[PDB]
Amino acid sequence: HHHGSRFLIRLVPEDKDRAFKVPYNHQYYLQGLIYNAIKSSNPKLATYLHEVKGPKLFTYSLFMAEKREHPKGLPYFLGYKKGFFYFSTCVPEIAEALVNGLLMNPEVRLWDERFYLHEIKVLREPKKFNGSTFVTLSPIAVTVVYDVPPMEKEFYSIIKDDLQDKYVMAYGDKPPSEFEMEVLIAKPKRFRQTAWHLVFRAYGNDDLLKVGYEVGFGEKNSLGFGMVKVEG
């Protein structure tokens, strides 16, 4: 009983006029938010998720602001008007726990800032994926057992097997095998390990691509990595 839910979540700061900071490294703050919304609406689910070994079947992007404005050599940027982030899952109990957790509370605390839940926008999922160009919303992490660049070719077989491992976890059983990624742009960004912002075209089985679109490409999805969108 999987299907994709994808949300855009807009937050406004406590006073509509002022500049709110966003730390450049805010994965961990965002992750507290999401895990606290779910733990609040559904503690049994959040204990299942805390235990489960493997992908958790959900991801979310970086926290972004309307306009931006970047100081020099400061740990944060400045944002204005609205703060927002996307979240995606193929587990309907996780999507419900997250939105209700944000409803059961609408006053949100991120890093040093006070925000109020403004809107949740639900997003239509593309009919098909074979052939589209994708842009990462949060960066993709690949590690092998170190960091695996997209310019190395293990990058791709590691991604491919993980999407097959998610496909076995969340569409029944034995996974499609046609897969290809054509990276158009790669830029690294490092956090504690390196992750990659990618523009990329992807080819091959639609249900295996849909997997990656719903739950993230690569690793640490549940820590906010590998969320993609169809390029505009």
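The first residue of the sequence shown is number 1, and the count goes up from there.
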Quick check on the record: how many residues from the deposited sequence are absent from the model between residue 53 and residue 54 (none, 1 to 3, 4 to 9, 10 or more)? none
Residues of the deposited sequence that sit between residue 152 and residue 151 yet are not modelled: none
Would you determine, from the values in the PDB entry, which of 36-44 and 175-183 has the greater average C-alpha temperature factor? 175-183
74-82 versus 127-135: which one carries the higher mean Cα B factor per the record? 74-82
Select one of 16, 10, 210, 220: the residue whose C-alpha shows the highest B-factor in the crystal structure entry. 16
Based on the entry's values, in what third of the chain does the Cα temperature factor of residue 193 lie: lowest, middle or highest? highest
Using the B-factor values recorded in the entry, state whether the Cα atom of residue 62 falls in the lowest, middle or highest third among the modelled residues of its chain. middle
Third of the chain's Cα B-factor distribution that residue 143 belongs to, per the entry: highest
So where's residue 4 on the chain's Cα temperature factor ranking, which third? middle
